[PDB]
Amino acid sequence: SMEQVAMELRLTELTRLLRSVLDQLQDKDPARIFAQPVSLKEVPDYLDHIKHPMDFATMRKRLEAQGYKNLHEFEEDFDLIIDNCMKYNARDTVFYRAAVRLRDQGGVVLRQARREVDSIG
């Protein structure tokens, strides 16, 4: 139907905006601490601690399959990256501190993303 096509165009354009959002958030992680999944070869107990691992590569795979229907779904995955790290790692670690800085800098990017998503519809 034509309605299905219009819905699909809307999804495509959201995917475009989320790709730009993801690029901007990932620039706030210049150390690449959050770039890839935590390795279960290197951290074999990880899934005992963290039940829903997340990372920027996994988000990018979901995005390119158009698997984010709205900004809330994308933000949920970004918050998992941060929250997972802040639980597994202690306050005095470069990992925790990187997640704080990513949360704080990413908030700015996400605030305007929300306005753009609402504004453009």
# chains A, B, ... in the order shown; residues from 1 in each chain; ligands from 1
>>> residues_around(residues="residue 53 (chain A)", least_positions_apart="3", cutoff="10 Å", atoms="only C-alpha atoms", output="PDB file with N, CA and C atoms, in the first residue's frame")
ATOM      1  N   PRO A  37      31.461  -5.104  21.872  1.00  0.00           N
ATOM      2  CA  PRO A  37      31.035  -5.901  23.026  1.00  0.00           C
ATOM      3  C   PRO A  37      32.104  -6.273  23.963  1.00  0.00           C
ATOM      4  N   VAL A  38      31.877  -6.258  25.258  1.00  0.00           N
ATOM      5  CA  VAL A  38      32.800  -6.816  26.224  1.00  0.00           C
ATOM      6  C   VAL A  38      33.056  -8.263  25.819  1.00  0.00           C
ATOM      7  N   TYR A  46      31.207 -12.196  32.696  1.00  0.00           N
ATOM      8  CA  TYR A  46      30.471 -10.929  32.496  1.00  0.00           C
ATOM      9  C   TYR A  46      28.962 -11.104  32.594  1.00  0.00           C
ATOM     10  N   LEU A  47      28.424 -12.139  31.986  1.00  0.00           N
ATOM     11  CA  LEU A  47      26.985 -12.324  31.923  1.00  0.00           C
ATOM     12  C   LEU A  47      26.390 -12.726  33.277  1.00  0.00           C
ATOM     13  N   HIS A  49      27.062 -10.841  35.775  1.00  0.00           N
ATOM     14  CA  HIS A  49      26.897  -9.509  36.302  1.00  0.00           C
ATOM     15  C   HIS A  49      25.904  -8.733  35.450  1.00  0.00           C
ATOM     16  N   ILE A  50      26.031  -8.737  34.154  1.00  0.00           N
ATOM     17  CA  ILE A  50      25.299  -7.869  33.240  1.00  0.00           C
ATOM     18  C   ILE A  50      24.403  -8.748  32.344  1.00  0.00           C
ATOM     19  N   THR A  58      27.038  -3.050  18.264  1.00  0.00           N
ATOM     20  CA  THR A  58      25.772  -3.777  18.293  1.00  0.00           C
ATOM     21  C   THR A  58      24.650  -2.790  17.957  1.00  0.00           C
ATOM     22  N   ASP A  77      19.095   1.625  24.474  1.00  0.00           N
ATOM     23  CA  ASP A  77      20.352   0.891  24.169  1.00  0.00           C
ATOM     24  C   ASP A  77      21.534   1.784  24.601  1.00  0.00           C
ATOM     25  N   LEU A  80      21.939   1.534  28.295  1.00  0.00           N
ATOM     26  CA  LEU A  80      22.517   0.248  28.664  1.00  0.00           C
ATOM     27  C   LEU A  80      24.056   0.271  28.623  1.00  0.00           C
ATOM     28  N   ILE A  81      24.594   0.882  27.581  1.00  0.00           N
ATOM     29  CA  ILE A  81      26.084   0.990  27.479  1.00  0.00           C
ATOM     30  C   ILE A  81      26.597   1.629  28.775  1.00  0.00           C
ATOM     31  N   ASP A  83      24.991   2.377  31.785  1.00  0.00           N
ATOM     32  CA  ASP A  83      24.594   1.776  33.058  1.00  0.00           C
ATOM     33  C   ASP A  83      25.310   0.455  33.326  1.00  0.00           C
ATOM     34  N   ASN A  84      25.542  -0.356  32.289  1.00  0.00           N
ATOM     35  CA  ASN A  84      26.238  -1.624  32.407  1.00  0.00           C
ATOM     36  C   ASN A  84      27.666  -1.339  32.966  1.00  0.00           C
ATOM     37  N   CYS A  85      28.288  -0.341  32.340  1.00  0.00           N
ATOM     38  CA  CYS A  85      29.662  -0.020  32.734  1.00  0.00           C
ATOM     39  C   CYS A  85      29.760   0.469  34.112  1.00  0.00           C
TER      40      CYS A  85
END
>>> residues_around(residues="residue 64 (chain A)", least_positions_apart="5", cutoff="12 Å", atoms="only C-alpha atoms", output="number ranges by chain")
A: 11-19, 22, 57-59, 69
>>> write_last_selection(atoms="N, CA, C and O atoms", output="mmCIF file, in the first residue's frame")
data_model
loop_
_atom_site.group_PDB
_atom_site.id
_atom_site.type_symbol
_atom_site.label_atom_id
_atom_site.label_comp_id
_atom_site.auth_asym_id
_atom_site.auth_seq_id
_atom_site.Cartn_x
_atom_site.Cartn_y
_atom_site.Cartn_z
ATOM 1 N N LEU A 11 10.432 5.719 8.662
ATOM 2 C CA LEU A 11 11.454 4.839 9.348
ATOM 3 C C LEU A 11 12.842 5.096 8.761
ATOM 4 O O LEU A 11 13.835 5.213 9.502
ATOM 5 N N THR A 12 12.974 5.242 7.439
ATOM 6 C CA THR A 12 14.191 5.510 6.810
ATOM 7 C C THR A 12 14.790 6.800 7.220
ATOM 8 O O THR A 12 16.032 6.905 7.453
ATOM 9 N N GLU A 13 13.949 7.822 7.320
ATOM 10 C CA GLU A 13 14.422 9.122 7.731
ATOM 11 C C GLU A 13 14.802 9.140 9.252
ATOM 12 O O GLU A 13 15.801 9.774 9.587
ATOM 13 N N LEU A 14 14.056 8.419 10.031
ATOM 14 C CA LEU A 14 14.482 8.297 11.477
ATOM 15 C C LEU A 14 15.837 7.630 11.557
ATOM 16 O O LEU A 14 16.714 8.084 12.329
ATOM 17 N N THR A 15 16.042 6.568 10.751
ATOM 18 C CA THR A 15 17.308 5.844 10.712
ATOM 19 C C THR A 15 18.407 6.781 10.352
ATOM 20 O O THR A 15 19.534 6.717 10.968
ATOM 21 N N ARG A 16 18.185 7.694 9.370
ATOM 22 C CA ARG A 16 19.164 8.714 8.981
ATOM 23 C C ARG A 16 19.537 9.621 10.143
ATOM 24 O O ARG A 16 20.730 9.906 10.361
ATOM 25 N N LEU A 17 18.529 10.074 10.864
ATOM 26 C CA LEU A 17 18.778 11.012 11.981
ATOM 27 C C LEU A 17 19.511 10.254 13.109
ATOM 28 O O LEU A 17 20.502 10.788 13.642
ATOM 29 N N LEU A 18 19.054 9.056 13.434
ATOM 30 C CA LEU A 18 19.745 8.194 14.471
ATOM 31 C C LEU A 18 21.149 7.847 14.084
ATOM 32 O O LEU A 18 22.047 7.733 14.945
ATOM 33 N N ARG A 19 21.455 7.679 12.794
ATOM 34 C CA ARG A 19 22.839 7.451 12.401
ATOM 35 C C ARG A 19 23.714 8.631 12.714
ATOM 36 O O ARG A 19 24.853 8.453 13.198
ATOM 37 N N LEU A 22 24.168 8.701 16.465
ATOM 38 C CA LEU A 22 25.097 7.670 16.929
ATOM 39 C C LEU A 22 26.516 8.112 16.681
ATOM 40 O O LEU A 22 27.395 7.947 17.556
ATOM 41 N N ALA A 57 28.929 -0.978 18.419
ATOM 42 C CA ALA A 57 28.827 -1.811 17.233
ATOM 43 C C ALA A 57 27.519 -2.553 17.131
ATOM 44 O O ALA A 57 26.913 -2.685 16.057
ATOM 45 N N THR A 58 27.038 -3.050 18.264
ATOM 46 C CA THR A 58 25.772 -3.777 18.293
ATOM 47 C C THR A 58 24.650 -2.790 17.957
ATOM 48 O O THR A 58 23.718 -3.164 17.204
ATOM 49 N N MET A 59 24.711 -1.562 18.462
ATOM 50 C CA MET A 59 23.677 -0.595 18.130
ATOM 51 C C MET A 59 23.694 -0.298 16.632
ATOM 52 O O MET A 59 22.648 -0.156 15.997
ATOM 53 N N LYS A 69 12.531 1.697 16.109
ATOM 54 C CA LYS A 69 11.212 2.278 15.632
ATOM 55 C C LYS A 69 10.991 3.708 16.062
ATOM 56 O O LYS A 69 10.187 4.436 15.473
#
>>> atom_distance(atom1="CA of residue 121 (chain A)", atom2="CA of residue 10 (chain A)")
8.3 Å
>>> residues_around(residues="residue 95 (chain A)", least_positions_apart="2", cutoff="8 Å", atoms="only C-alpha atoms", output="MDAnalysis selection string")
chainID A and resid 33 85:86 89 93 97:99
>>> write_last_selection(atoms="C-alpha atoms", output="PDB file, in the first residue's frame")
ATOM      1  CA  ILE A  33      35.925   1.976  25.419  1.00  0.00           C
ATOM      2  CA  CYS A  85      29.662  -0.020  32.734  1.00  0.00           C
ATOM      3  CA  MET A  86      28.876   1.906  35.869  1.00  0.00           C
ATOM      4  CA  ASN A  89      33.372  -1.164  37.044  1.00  0.00           C
ATOM      5  CA  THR A  93      38.363   3.228  37.096  1.00  0.00           C
ATOM      6  CA  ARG A  97      34.833   7.624  34.390  1.00  0.00           C
ATOM      7  CA  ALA A  98      34.556   7.254  30.584  1.00  0.00           C
ATOM      8  CA  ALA A  99      30.904   6.287  30.997  1.00  0.00           C
TER       9      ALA A  99
END
>>> closest_residue(among="A:25, A:78, A:92, A:32", to="residue 52 (chain A)", atoms="only C-alpha atoms")
A:78
>>> closest_residue(among="A:118, A:55, A:87, A:110", to="residue 20 (chain A)", atoms="only C-alpha atoms")
A:110
>>> atom_distance(atom1="CA of residue 24 (chain A)", atom2="CA of residue 42 (chain A)")
28.5 Å
>>> closest_residue(among="A:88, A:9, A:75, A:82", to="residue 43 (chain A)", atoms="only C-alpha atoms")
A:88
>>> closest_residue(among="A:91, A:111, A:101, A:60", to="residue 23 (chain A)", atoms="only C-alpha atoms")
A:60
>>> select_by_dssp(residues="region 33-102 of chain A", states="alpha helix (DSSP H)", output="ChimeraX atom specification")
/A:46-49,56-64,71-88,94-102
>>> atom_distance(atom1="CA of residue 30 (chain A)", atom2="CA of residue 76 (chain A)")
21.5 Å
